[PDB]
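Novice: Can you read through this structure? Questions will come right after.
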Amino acid sequence: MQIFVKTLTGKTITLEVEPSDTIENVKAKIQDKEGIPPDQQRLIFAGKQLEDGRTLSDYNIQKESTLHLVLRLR
Amino acid sequence: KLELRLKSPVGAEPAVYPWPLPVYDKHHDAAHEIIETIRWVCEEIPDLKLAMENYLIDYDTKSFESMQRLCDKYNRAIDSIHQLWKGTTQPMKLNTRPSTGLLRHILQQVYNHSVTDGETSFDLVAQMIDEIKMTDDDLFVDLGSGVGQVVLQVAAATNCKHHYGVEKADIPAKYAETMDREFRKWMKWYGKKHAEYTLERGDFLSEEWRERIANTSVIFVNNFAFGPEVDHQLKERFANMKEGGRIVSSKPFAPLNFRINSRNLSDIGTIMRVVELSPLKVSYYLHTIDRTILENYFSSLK
Amino acid sequence: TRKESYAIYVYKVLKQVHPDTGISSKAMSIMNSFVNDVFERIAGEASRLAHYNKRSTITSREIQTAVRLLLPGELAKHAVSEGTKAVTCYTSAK
Amino acid sequence: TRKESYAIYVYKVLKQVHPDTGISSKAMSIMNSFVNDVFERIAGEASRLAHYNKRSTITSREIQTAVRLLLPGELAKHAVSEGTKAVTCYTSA
Amino acid sequence: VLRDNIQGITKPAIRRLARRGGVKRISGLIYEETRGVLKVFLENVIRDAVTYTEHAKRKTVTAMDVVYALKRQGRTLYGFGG
Amino acid sequence: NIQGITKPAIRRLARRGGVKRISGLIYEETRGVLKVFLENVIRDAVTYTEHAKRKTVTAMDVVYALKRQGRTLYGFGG
Amino acid sequence: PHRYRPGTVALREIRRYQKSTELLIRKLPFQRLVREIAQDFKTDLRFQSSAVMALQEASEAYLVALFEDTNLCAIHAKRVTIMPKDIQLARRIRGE
Amino acid sequence: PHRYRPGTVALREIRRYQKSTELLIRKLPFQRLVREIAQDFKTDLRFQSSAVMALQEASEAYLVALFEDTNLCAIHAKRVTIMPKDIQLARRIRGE
Amino acid sequence: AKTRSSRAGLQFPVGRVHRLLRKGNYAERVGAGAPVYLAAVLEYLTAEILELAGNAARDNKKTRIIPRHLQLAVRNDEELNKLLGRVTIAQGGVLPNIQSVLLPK
Amino acid sequence: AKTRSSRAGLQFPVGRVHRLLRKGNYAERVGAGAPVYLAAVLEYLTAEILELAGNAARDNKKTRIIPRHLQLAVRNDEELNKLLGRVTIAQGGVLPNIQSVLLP
DNA sequence: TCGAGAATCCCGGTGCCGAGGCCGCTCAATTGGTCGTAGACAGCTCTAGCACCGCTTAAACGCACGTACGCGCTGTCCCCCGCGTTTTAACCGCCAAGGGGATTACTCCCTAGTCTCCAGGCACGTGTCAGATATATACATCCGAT
DNA sequence: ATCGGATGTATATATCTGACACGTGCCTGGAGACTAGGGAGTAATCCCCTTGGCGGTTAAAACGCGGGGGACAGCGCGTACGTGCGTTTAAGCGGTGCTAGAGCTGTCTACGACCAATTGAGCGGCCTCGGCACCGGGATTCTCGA
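Chains as they are written, first to last, in the deposited numbering: chain L, 1 to 74; chain K, 4 to 58, 60 to 121, 137 to 300, 310 to 330; chain H, 32 to 125; chain D, 32 to 124; chain F, 21 to 102; chain B, 25 to 102; chain E, 38 to 133; chain A, 38 to 133; chain G, 14 to 118; chain C, 14 to 117.
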């Protein structure tokens, strides 16, 4: 299924995913598309800091979602 | 003993000056504050300046009688103005913000009253006000506020929701407590508005202060002598600030000719623009959080 | 014979500050000898801190006060910063 | 504790050029630092000769071609003559 | 605290030094530059001296470290045991 | 023998530094300073040659010799 | 009255001060200066006497050599009096 | 016909030789001079190419620096042309 | 086996620097922490010079760094000039510079 | 037992020079002839400078060499001046020298 | 004030040889322990650095006052730049003979390391004269009236 | 130029003190005999590389002439600086109190030389293709004579 990841510049990027995928492999796909290293990224949804070692189905992220990505530094 | 009394124009507590006048420094005494106070109030009120024109005079600051005479003339004029306001004349509009000359005079008055025995000058702060224009969304904190006069000037000149000052050293924080009270007292005396403020003691590097700094939109920090350890911790705490926040400091946190590459990825410079502030007719530097630059750099690598 | 150099590391570090440039042979050997000169000067001012304080082991404490002697100010402060952030990472080995 | 000087050898070698003259306490330390400076500079150009030719033993030949490098000319020629006589008495007896 | 001790170098002192050099006459705009040159020289050497001081945790400068730090710049100097 | 370093040559080398006008006596002094400089560097170079039992100078030996007169040199190894 | 022509008293100073070998700058302001710049680089050092005397000797050496170079520099321009242009011309040749 | 005011073409060639990079003295007599002065320290040596080119580079830069200093000291005395006492002064200051 | 470089997160070869120090006869011993710090300092300096050199190369509209650009890069930067104050970079030339008084009136 | 110094006919302490040479990491090994040669070179140089100093000392009618005489001796001899060209001898003063153009 | 020509810069096609990517390949970086001396550290004796103070007097200092002198200006003349023409050798490519630079086994003989023996350099204390200070006086030197 | 006055400079004379030579008791670093072992001295080889020489363009080097801009001597002016005298000031010299910190020995423990095996990280060697070196047509810049 498709979800959207809205960053802070007005650009929306997309991906087709399944709820059983880990957050790490989503980050790897984003790294494949935009080149941004996973460890610098910080995905946030509904005020809670989304952890890496859970699954996509753990945060109830469904098809047609608006997810916020802020960038952090090491 | 001998006493001088000036009535408040809004019927607040009178301003009291002891005789003999306390010495402030080699070039400053209380008579100077008194004469500038009279001059600036006459500036505040054209009617008072009119009244004071009729009987300018050679003030002899050495003689008590001469000063008591002028003070009597002033107090009677204050009386007559209150009668004028009882008549048809519109009284002075209350709780407007003071003019620039008034803000320098009030801050000078609190200063002269407080430092009985380094400080950023009023003019640089005023330049800073001129160039970073604050609105009602912004929240300002001087980390290491010294005697607090930057915080007071901004609190007196803008309409932010709240201002804070934090001072570590006991003596200036102590004087700042008196500064707060003397400012509020004189402010009641002149009947002028400023926004709300509190100067608190504490260490801004604590865990608690992390969320406050994180939620602060404008930081001023005179970090020139802090050293690498404090500066390092400050970089780390600025790195949590919200989009569009601004930090003005006296020593840049990133070099002016910064270019993002794959080697400089952890320098604070990747998330901020830096421009050097115009000199006043020493140097201070504005950093603005703009994360679109990193995104741009990544889009260009593809 | 297998004549050593300092070429390929200069080559690798150049790609991390510029995405795509080229470096020619004469200037590559220039960078080679420049690295060799900075190395010999720093090691000299290191080893003079042996006999000026009656110890006989050059330690990780020593090269720091070596390097802040030789280069001037801004480069010195960034040098010592890069050095201490380098050494604090090496001790956290699994 | 004790600290080695180069005092008594300067004071001894004074006697073989002047029977009369004397030396002062600051002056003896000045000569001390002079011979110590010549020592470290000559050994420096000694040890730099090894790695420029991958040898590993500082020898007589090494320091001999070192001394003609450092002093300018005439004093060096007198130095190398005093040396090339000075090796002979050590291999004499 | 201490302030402005650069004015301890007097005008007749610098005149006497320039006598040792070999000028005859000095003009009235040398004293500022002369004080500045003395300040930058003492700044360089004394900073390197305190660096050699604080290397080995001795909180006081000795003369031998001053001799070493003068030898770093190439202005070596006998007469004190260096 | 010295007269290969001709007049427009030394003018060109002076142009690099940034004179404009040169007068009719600089040439002998320039030849002299070049002679003394080359004499010192060549003596030190052939001494570093003669020490290690070779008979031919090399670039490494020339740059080792030029290290100790305070004008060190990059770009040729060592 | 009695008077000298201007110039020869300075030459008497040349012929006197060159023969003598004593220090020139009086000691206590020099020690004050070293303590001040040491205060600026670090908090609260202490100094032994021999280091202060050594610094003074080297300082007088530096100043006397630069002054003799400036005197040659000023002689080059048909003038016999030093000037700030002359001390600066003497400075950008040593490599500062 | 047509001419130029004297010195301006020299200014254009100042810019021209400051722009480019190449060597200055033509190579073969320079090799001749370095073969002759090498005769009086050991007879019958033989030279490699790279050492000759390196000696050329160093002597190049040395003459460049000496001329730049002597131009500056020539400017100091309000004269705009070098003369032998200027190159002597700039040599005698430096420490030869 | 993991290389010392990867553990320290550095690009310059730590191991080779260790080897050169032992045989360079600088001291009887060389501590474990000693070789990493020096390598990091050498790395930072290389990056600094190459950064300014690349920018200088760019300005002449060329993509390959040649020695003139390396020479030009150090002298226009105040701080680097002192480190190489007695160094001449071969095939380098000089900085564009004409004395003001020499310009036509 | 006879000292190493006597066999070489030198005054400077060969043995002490050997000890100082080994300790200091100048080389892995130290040959038998090296400390003797170095000692002899130091002896010749010390005698030369002290010799000229003593000669300089006599003219001022003093029997004890003080720093001034040592300073005067080195700088008036052309060859020695280059070796200590970057050296300052403490309590030395300078050589008498007045520029000709400055005389009345 | 301003046009003619000498030079200087933008444009585009051609042609290459040095960058750089890949591959087979050896030997320096790494792991894993054993062991030992250099260093980190805690506790003492004692020294020299610091702060203060009472007191001479040499030296820092401020001002009158005359004058050698830095500086602008004019004027002369001389020597040096530009440019055209003519003589030189720089140099680029080409060839060919051999001198020593780099290297590889081979050994041998010089040199770190060790143990015992012991006598030369060091702190200490003691006498004694060399040179610093004072002084009267012989005389070189500098200005000044003439 | 001329002597003559005056002020500094140099020579021999007493005295008086604190640095300089010498003797002693003393330890600890230098000397002698001896193993063992590897770094260095010497012989061969092979082959890269240095030197020597020859023919052609031609770029650069030498040479005379015209003239112009700057090197350089003199002149007048006023400004800034040496010199000397009376006033102020803090520099220097002695004496003491003290104490933070320089320096030395003891104990031990964490850290760094040393060694067998492992192996991939780094380097010679070979293809290849593209940045840039060169070139000629036009589009802009600079300087000067009226």
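We put the CB at the ideal spot given by N, CA and C, even for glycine.
For C/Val114, count neighbouring Cβ atoms within 10 angstroms of its own Cβ and tell me buried if that reaches 16, exposed if not.
Specialist: By one-based count along the tenth sequence, residue 114 of chain C stands at place 101. Label assigned to C/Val114: exposed.
Novice: Can you check whether the C-beta of A/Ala127 is within less than 8 angstroms of a C-beta belonging to chain G?
Specialist: Here residue 127 of chain A is taken as the residue at index 90 of the eighth sequence, counted from 1. Output row for A/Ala127: interface = no.
Novice: Output the distance between the C-alpha atoms of F/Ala76 and H/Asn84, rounded to the nearest integer angstrom.
Specialist: Locating residue 76 of chain F in the fifth sequence gives position 56, where the first residue counts as 1. Locating residue 84 of chain H in the third sequence gives position 53, where the first residue counts as 1. Those two C-alpha atoms are separated by around 8 angstroms.
Novice: Less than 8 angstroms between the C-beta atoms of H/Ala110 and H/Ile73, yes or no?
Specialist: For this step, residue 110 of chain H is matched to residue 79 along the third sequence. For this step, residue 73 of chain H is matched to residue 42 along the third sequence. No.
Novice: The alpha helix (DSSP H) with K/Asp28 in it runs from where to where?
Specialist: Here residue 28 of chain K refers to the residue found at position 25 when the second sequence is read from its first residue. Note, K/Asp28: premise wrong, no alpha helix (DSSP H); beta strand (DSSP E) at 26–28.
Novice: What residues from chain E crowd round F/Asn25, counting only those whose CB sits closer than 7 angstroms?
Specialist: As a position in the fifth sequence, residue 25 of chain F is number 5, starting the count at 1. The contacting residues are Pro66, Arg69, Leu70, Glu73.
Novice: Let me confirm a value: K/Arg200 is counted as buried when at least 16 other C-beta atoms fall within 10 Å, else exposed. Which label applies?
Specialist: To locate residue 200 of chain K, count along the second sequence from 1; it is residue 181. Classification of K/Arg200: exposed, given that the 10 Å Cβ count is below 16.
Novice: For H/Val48, return the contacting residues in chain K, with the cut-off set at a CB-CB distance below 7 angstroms.
Specialist: Your numbering for residue 48 of chain H matches position 17 in the third sequence. Chain K residues near H/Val48: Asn280, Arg282.
Novice: Using C-beta distances below 6 angstroms, list every residue in its chain close to C/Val43, excluding the 5 sequence neighbours before and after it, in chain order.
Specialist: The residue labelled residue 43 of chain C in the question sits at position 30 within the tenth sequence. Cβ within range, chain order: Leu34, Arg35.
Novice: Could you tell me whether the Cβ of residue 121 of chain G comes closer than 8 angstroms to any Cβ of chain A?
Specialist: The structure shown has nothing for residue 121 of chain G, since chain G only spans 14 to 118.
Novice: Does any C-beta atom of chain B lie closer than 8 angstroms to the C-beta of A/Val117?
Specialist: In the eighth sequence, the residue the question calls residue 117 of chain A occupies position 80. Yes, its Cβ sits closer than 8 angstroms to a Cβ of chain B.
Novice: Can you name, in chain order, every residue of its own chain whose Cβ lies under 8 angstroms from the Cβ of D/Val41, other than the five neighbours on each side?
Specialist: Mapped onto the fourth sequence, residue 41 of chain D falls at position 10. Closer than 8 angstroms at the Cβ level, and outside the excluded window around D/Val41, lie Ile54, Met59, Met62, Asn63, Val66.
Novice: With distances taken between CB atoms, is the gap from G/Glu56 to H/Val69 smaller than 8 angstroms?
Specialist: Here residue 56 of chain G corresponds to residue number 43 of the ninth sequence, with the count starting at 1. Here residue 69 of chain H corresponds to residue number 38 of the third sequence, with the count starting at 1. In this structure, H/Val69 does not lie closer than 8 angstroms to G/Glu56 by Cβ.
Novice: Mind pulling the chain H residues with CB within less than 7 angstroms of F/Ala83?
Specialist: Taking the first residue of the fifth sequence as 1, we reach residue 83 of chain F at position 63. Simply none; closest approach about 13 angstroms.
Novice: Any contact between the segment 254–267 of chain K and the segment 217–237 of chain K? By contact I mean 3 or more CB pairs, one from each, below 8 angstroms.
Specialist: Yes, the segment 254–267 of chain K is in contact with the segment 217–237 of chain K.
Novice: If you follow the beta strand (DSSP E) that K/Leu7 is part of, which residue opens it and which one closes it?
Specialist: Position 4 of the second sequence holds residue 7 of chain K. Note, K/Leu7: beta strand (DSSP E), 6–9.
Novice: By DSSP, does B/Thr96 sit in helix, in strand, or in coil?
Specialist: Along the sixth sequence, one-based indexing puts residue 96 of chain B at 72. Of the three classes helix, strand and coil, the one that applies to B/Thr96 here is strand, per DSSP.
Novice: Given that E/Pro121 touches chain F, what residues does it touch there, using C-beta distances under 9 angstroms?
Specialist: The residue given as residue 121 of chain E occupies position 84 in the seventh sequence. Those are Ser47, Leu49, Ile50, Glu52, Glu53, listed as they occur along chain F.
Novice: In chain C, what lies closer than 7 angstroms to D/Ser91 by C-beta?
Specialist: What you label residue 91 of chain D is simply residue 60 of the fourth sequence in a count that begins at 1. Those within 7 angstroms of D/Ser91 in chain C are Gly44, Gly46, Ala47, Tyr50.
Novice: Consult DSSP for G/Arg42 and reduce its assignment to one of helix, strand or coil.
Specialist: If you number the ninth sequence from 1, residue 42 of chain G lands on position 29. In this structure, G/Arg42 counts as strand in the three-state DSSP scheme.
Novice: Hey, quick one: how far does the beta strand (DSSP E) through L/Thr12 stretch, first residue to last?
Specialist: Position 12 of the first sequence, counting from 1, holds the residue named residue 12 of chain L. Its beta strand (DSSP E) spans residues 12–16.
Novice: Between the segment 91–107 of chain G and the segment 99–119 of chain H, can you find at least three pairs of beta-carbon atoms closer than 8 angstroms?
Specialist: In short, these stretches touch, since the Cβ pair count reaches three.
Novice: Check the Cβ-Cβ distances between F/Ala33 and every residue of chain H, and say whether any is below 8 angstroms.
Specialist: Locating residue 33 of chain F in the fifth sequence gives position 13, where the first residue counts as 1. By this cut-off, F/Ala33 is not an interface position.
Novice: Can you tell me whether L/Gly10 is buried or exposed? The criterion is at least 16 other CB atoms within 10 Å of its CB, across all chains shown.
Specialist: Walking along the first sequence from the start, residue 10 of chain L turns up at place 10. By the neighbour-count rule (16 or more Cβ atoms within 10 Å), L/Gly10 is not buried but exposed.
Novice: Pairs of beta-carbons, one from the segment 203–220 of chain K and one from the segment 244–254 of chain K, closer than 8 angstroms: are there three or more?
Specialist: No, the segment 203–220 of chain K does not touch the segment 244–254 of chain K.
Novice: Do F/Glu63 and E/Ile124 have their CB atoms nearer than 8 angstroms?
Specialist: What you label residue 63 of chain F is simply residue 43 of the fifth sequence in a count that begins at 1. What you label residue 124 of chain E is simply residue 87 of the seventh sequence in a count that begins at 1. No. Outside cutoff.
Novice: On the DSSP letters alone, give me the boundaries of the beta strand (DSSP E) that K/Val293 sits inside.
Specialist: Residue 293 of chain K sits at position 274 when you count from the first residue of the second sequence. Unbroken beta strand (DSSP E) run through K/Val293: 291–295.
Novice: In the DSSP assignment, what are the bridge partners of K/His31?
Specialist: As a working note, residue 31 of chain K is residue 28 in the second sequence. Answer is K/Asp28, bridged to K/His31.
Novice: Give the interface partners of C/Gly67 over in chain D, defined as CB-CB distance under 8 angstroms, in chain order.
Specialist: What you label residue 67 of chain C is simply residue 54 of the tenth sequence in a count that begins at 1. Residues of chain D passing the Cβ test: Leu45, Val48, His49, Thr52.
Novice: Is any beta-carbon of chain B found at less than 8 angstroms from that of D/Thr115?
Specialist: On the fourth sequence, position 84 is the one that residue 115 of chain D refers to. It does not; no Cβ of chain B falls within 8 angstroms.
Novice: What does H/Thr32 touch in chain G if you count any residue whose Cβ is under 7 angstroms from its own?
Specialist: In the third sequence, residue 32 of chain H corresponds to position 1, counting from 1. Neighbours of H/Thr32 on chain G: none; closest Cβ ~17 angstroms, over 7 angstroms.
Novice: Name the one or two DSSP bridge partners that K/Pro21 has.
Specialist: In the second sequence, counting from the first residue as 1, residue 21 of chain K sits at position 18. In DSSP, K/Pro21 forms a bridge with K/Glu6.
Novice: Within 10 angstroms of its Cβ, does L/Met1 collect 16 or more other Cβ (buried), or is it exposed?
Specialist: The count along the first sequence starts at 1 and reaches residue 1 of chain L at position 1. L/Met1 comes out exposed.
Novice: Whose C-alpha, out of F/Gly42, F/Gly48, F/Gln27, F/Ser47, is nearest the C-alpha of E/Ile62?
Specialist: On the seventh sequence, residue 62 of chain E is found 25 positions in, with the first residue counted as 1. For the residues F/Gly42, F/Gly48, F/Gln27, F/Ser47, the minimum Cα distance to E/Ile62 belongs to F/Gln27.
Novice: Could you spell out the range, first to last residue, of the alpha helix (DSSP H) harbouring G/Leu115?
Specialist: Counting from 1 along the ninth sequence, the entry for residue 115 of chain G is found at position 102. It is not in any alpha helix (DSSP H) - G/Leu115 carries neither H nor E in the DSSP assignment.
Novice: Residues in its own chain within less than 6 angstroms of residue 123 of chain K by CB, not counting five upstream and five downstream?
Specialist: No coordinates exist for residue 123 of chain K in the structure shown, because the numbering of chain K passes directly from 121 to 137.
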